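As a starting point, one isolated chain is supplied in structure tokens, in the form deposited in one PDB entry.
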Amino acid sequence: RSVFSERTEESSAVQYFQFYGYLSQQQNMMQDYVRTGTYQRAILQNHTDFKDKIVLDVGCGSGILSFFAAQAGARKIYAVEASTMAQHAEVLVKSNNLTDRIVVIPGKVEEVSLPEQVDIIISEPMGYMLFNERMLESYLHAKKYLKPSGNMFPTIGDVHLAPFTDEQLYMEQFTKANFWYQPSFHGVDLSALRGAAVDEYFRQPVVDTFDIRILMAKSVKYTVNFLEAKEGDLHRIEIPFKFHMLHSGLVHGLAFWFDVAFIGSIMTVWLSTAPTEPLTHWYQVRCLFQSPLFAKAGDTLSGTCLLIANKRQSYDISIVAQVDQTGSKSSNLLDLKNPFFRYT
């Protein structure tokens, strides 16, 4: 029926809103001080973008950003939440005496009906690697409620990618896969599945953090402007790159992170997940190459990162990279929904 049900398998949706129905998982995000405090500073320092304005909070979870919008003097805030967390948000709105200002509206933002158009939309719709969950598309879908010349918080998003070297990591994954090389596991030959195993293990994006010295070139930026993008712009995301290699070594894959900017009338406030910044619950993401590329300082590593949306609220990622000076090419798939959470 809805734009959401059309693009989403039910099995994905149930599991997804299940996860966000746990107070523990809302608390997980809330306790990211860099996340939650940057959102509050973006909202409070741009008070005039909220004062006496009508606001839509897309996926309000606990209500936390709706509270900041209220703290900033919003006249009315529509807080939309599709999980059962909606019920807990209404309890907090009553207990904080904000029944006059915050109106929880349970359901998917694609399916609910709002009483009026809004001056500004706030959300925190960023998955790991920015695009996981496809919630950016719910955020963009919500502009059907936005007044002309209305604002988005966050306003833009920058994906950064850079090449890295990490033989320890590479070897970690390679070794897991090599279980399936054994010709006599309890007397059974598994070796026929070695190829399928390496494929599966290297499909997995690695979520953790790293020292910036592992980066072999300055990062490439790809920007999504939320005021101007439409939903369909996120169906197929093509990110071409050309890297000027600053260090010689093996390139074991690409590292990804993202920043979002809240472009307000008073000031712009950045929320960064970069490895040069304080760590967030998004960490950073690395896509490993099954076959590493050797490159020399001054070479160019060029190619395309292609993200193709799927029905499981995520993306089919293909990364094709080549060292221009040798025609050494690496083609890679990555199943963004099946990550290896490596952080400790």
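Whichever C-alpha set is largest while still superposing within 1.5 Å between the two forms counts as the rigid core. Start at 1 with the first residue shown and count on from there.
Heads up, the form deposited in another entry isn't pictured, but that's what we're talking about next.
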Of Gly232, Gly187, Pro115, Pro148, Cα shift of 2 Å or more between the shown form and the other one on rigid-core superposition seen only for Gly187
Could you tell me whether the Cα atom of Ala177 shifts by at least 2 Å between the shown form and the other one after core superposition?
yes
Core-superposed comparison between the shown form and the other one, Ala274 Cα displacement 2 Å or beyond
no
If you line up the core, does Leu246 shift 2 angstroms or more at its C-alpha between the shown form and the other one?
no
